[PDB]
């Protein structure tokens, strides 16, 4: 059908601020289903760097990796109609109220959640976190 899969990361600030269920709940409410899920008490920097490889040239690259390994993260593969972009809109940004980041986050770095932004990004990110493909 229009069925898709996408990769979401719940970031360490979410655990810090006790917002894990709140975030997963918003995705659950829009009728997306968990296909795979993995809890990392601390992610290997290796995985983080791969995941953010497209960002390796940026000023914020290392500070961001630092944060991403500063506490637990959950990686989830979601599935549903048009999953990649719909879950991207749910994530939104810190400027737009009504989205996850819009309602709950206020920082350029500590922003609670990652979602794949394209078909190619999803395929690649899912592979990084669930290599057992």
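Residue numbers count along the first chain shown, from 1.
The PDB entry records a higher mean C-alpha B factor for 119-127 than for its counterpart among 119-127 and 18-26.
When 76-84 is weighed against 55-63, 55-63 comes out higher, by mean CA B-factor as recorded in the entry. In the PDB entry, residue 48 places in the highest third of its chain by CA B-factor. Per the deposited record, the Cα B-factor of residue 6 falls in the lowest third when ranked against the other modelled residues of its chain. Among the modelled residues of its chain, residue 38 has a C-alpha B-factor that falls in the middle third, as given in the PDB entry. Residue 93: CA B factor lies in the middle third for its chain, per the PDB record. Sort the chain's modelled residues by C-alpha temperature factor and residue 69 lands in the highest third, per the entry.
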